[PDB]
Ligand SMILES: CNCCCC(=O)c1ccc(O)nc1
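Below you will find one chain, with nothing else, as structure tokens; this is the form deposited without the ligand, and questions on how it binds or moves follow later.
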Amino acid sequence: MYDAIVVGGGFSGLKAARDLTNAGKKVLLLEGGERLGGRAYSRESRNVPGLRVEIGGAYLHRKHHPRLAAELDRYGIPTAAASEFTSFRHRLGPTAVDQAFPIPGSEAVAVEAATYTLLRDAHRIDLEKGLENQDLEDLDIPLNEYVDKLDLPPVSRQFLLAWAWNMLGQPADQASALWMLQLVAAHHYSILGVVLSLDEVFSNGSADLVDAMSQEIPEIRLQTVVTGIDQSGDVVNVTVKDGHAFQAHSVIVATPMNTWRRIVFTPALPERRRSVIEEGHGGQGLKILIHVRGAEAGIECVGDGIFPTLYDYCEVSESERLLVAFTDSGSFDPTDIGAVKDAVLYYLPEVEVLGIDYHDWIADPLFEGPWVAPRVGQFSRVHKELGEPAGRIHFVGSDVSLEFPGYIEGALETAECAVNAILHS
């Protein structure tokens, strides 16, 4: 038996397991899959033999992600400032302007007014209290209705919608307007910052940092799927698909939120948390890497397409590249290459699709979902609590961060606080 069992080896689990270990605890780390990193997946392209692609979470911004910045600085991990955009091909109607910020002057007075409204509403949210504890229900409505109340003229209406589609991974009518605001608050009460935090990338991918952190964890078991976590006894008992149980004083659940319903907890979890855990969160972000000929470097496209955003990802050859599309999985079928062609040609009619590459996070039983985004109504009923301790069992990870939900910095933050919790118990 162990001081702690860390269940899940994404960034959250890895930090906790490392920090407890360095603090002198006897820690075991249990990972269901055959790799470490979780939703930070860097592998080789399915399209381009020999090329390494980020299939999940890639970007960072130091001023917003100090914890991540410290990890990179600790292990000397190189980051490069992300591909600049020299070329704009929006689908925002004829009055829009082909630059990074495509709102035209004719819309400025409306943008000014909406900027005040968006920021006033976001200033409502205090990021330490939980979205259920601040009388924020009037905000917890479908985003399409929220944006309809703002009454924005065409370019900015659709610019806001397209980036809200990309970032939330939900179509406008499934997204919570209050979650959109939670992101604005996360970024220092900035709308712009939600998009400008696409600031840096790992020169050699997330795997660098995954490896540096795991180097410092002495006991890791891959292919070890947890199926029950039982704290009826004096000492927590962790049960597993094929194998002898493991036992520890503390357990940290560092697995996706949408997977918790596949573990048997004993006793059953506090009763507030239970419907949300069953239904899961609404996140459906679909990120597609598209292999293309005919595209020049630097293209960014935002607009009303089934891909709200489509932009450069990297150079493949002198005539070939990868672009990246965002849309959501219950709106687009990534295996319908003709669909993909139509979505792309919509913005970029000169460009031939050579192939596509994605991960079905939803279909993956180790995840059942990409990054968190609540269903309308969920997080103003229960939110802070989904990541509070239940007995000797802690809950951590991006999904349950109040400070940064959906980003690595969130995975790292939630583990700080759990590690600290345990160190005092």
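By rigid core we mean the largest C-alpha set that fits within 1.5 Å across both forms. Throughout, we count residues from 1 along the sequence that is shown.
**Student:** Consider 242-250 and 256-264 separately and indicate which one has Cα atoms farther, on average, from the shown form in 9 other deposited structures of this protein after rigid core alignment.
**Tutor:** When 242-250 and 256-264 are compared in 9 other deposited structures of this protein, the bigger C-alpha shift is seen for 242-250.
**Student:** Taking the root mean square of C-alpha distances over all structures and residues in 9 other deposited structures of this protein, with a rigid core superposition, name the larger of 45-53 and 376-384.
**Tutor:** Evaluated in 9 other deposited structures of this protein, the stretch farther from the shown form is 45-53.
**Student:** Compare the mean C-alpha B-factor of 73-81 with that of 153-161 as given in the PDB entry, and name the stretch with the higher value.
**Tutor:** In the deposited entry, the stretch with the higher C-alpha B-factor mean is 73-81.
**Student:** When the C-alpha temperature factors are averaged for each of 269-277 and 250-258, which stretch ends up with the higher value in the entry?
**Tutor:** Looking at the record's C-alpha B-factors, the answer is 269-277.
**Student:** Check the PDB entry and point out which of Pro66, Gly50, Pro374, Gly38 has the largest C-alpha temperature factor.
**Tutor:** Result of the comparison over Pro66, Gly50, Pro374, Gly38: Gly50.
**Student:** Say you rank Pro104, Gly243, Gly193, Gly303 by Cα B-factor from the PDB entry; which sits at the top?
**Tutor:** By C-alpha B-factor in the record, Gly243 ranks first.
**Student:** Lowest, middle or highest third: where is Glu409 by C-alpha B factor in its chain?
**Tutor:** Its C-alpha B-factor, which the entry lists for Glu409, ranks in the lowest third among residues of this chain.
**Student:** In terms of the chain's CA B-factor thirds, is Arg221 lowest, middle or highest?
**Tutor:** Its C-alpha B-factor belongs to the highest third of this chain's values.
**Student:** Quick one: classify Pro142 as lowest, middle or highest third of the chain based on its Cα B-factor.
**Tutor:** Tercile = middle for this residue's CA B-factor.
**Student:** Hey, what third does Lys129 fall into on Cα B-factor, ranked over its chain?
**Tutor:** It belongs to the highest third of the chain when residues are ordered by C-alpha B-factor.
**Student:** Where does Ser317 sit by CA temperature factor within its chain: lowest, middle or highest third?
**Tutor:** Highest third - that is where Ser317 ends up once the chain's C-alpha B-factors are sorted.
The discussion below concerns the form solved in complex with the ligand, not included here.
**Student:** Site status for the ligand after superposition of its pose in the bound PDB entry: open, or blocked by 3 or more ligand atoms within 2.4 Å of backbone or C-beta atoms?
**Tutor:** Output flag = open.
**Student:** Using heavy atoms only and a 4.5 Å cut-off, decide whether all three of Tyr2, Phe246 and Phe265 touch the ligand in the bound PDB entry.
**Tutor:** No, none of the three is in contact.
**Student:** Would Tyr311 sit within 4.5 Å of the ligand in the bound PDB entry, counting heavy atoms only?
**Tutor:** Yes, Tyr311 sits close enough to the ligand in the bound PDB entry that at least one of its heavy atoms falls within 4.5 Å.
**Student:** Using the partner position in the bound PDB entry, report whether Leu196 sits within 4.5 Å of the ligand, counting heavy atoms only.
**Tutor:** Result yes; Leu196 sits at the interface with the ligand in the bound PDB entry.
**Student:** Applying a 4.5 Å heavy atom distance criterion, does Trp163 contact the ligand in the bound PDB entry?
**Tutor:** The answer is yes: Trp163 has a heavy atom within 4.5 Å of the ligand.
**Student:** May I ask you to state whether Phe85 is within 4.5 Å of the ligand in the bound PDB entry, using heavy atom distances?
**Tutor:** Close contact exists here: in the bound PDB entry, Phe85 approaches the ligand to within 4.5 Å, heavy atoms only.
**Student:** Mind telling me which stretch in 188-196, 125-133, 341-349, 328-336 gets its heavy atoms within 4.5 Å of the ligand in the bound PDB entry?
**Tutor:** This holds for exactly one stretch, 188-196.
**Student:** Heavy atom within 4.5 Å of the ligand in the bound PDB entry: which residues of 38-73 meet that condition, in order?
**Tutor:** Result: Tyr59 alone.
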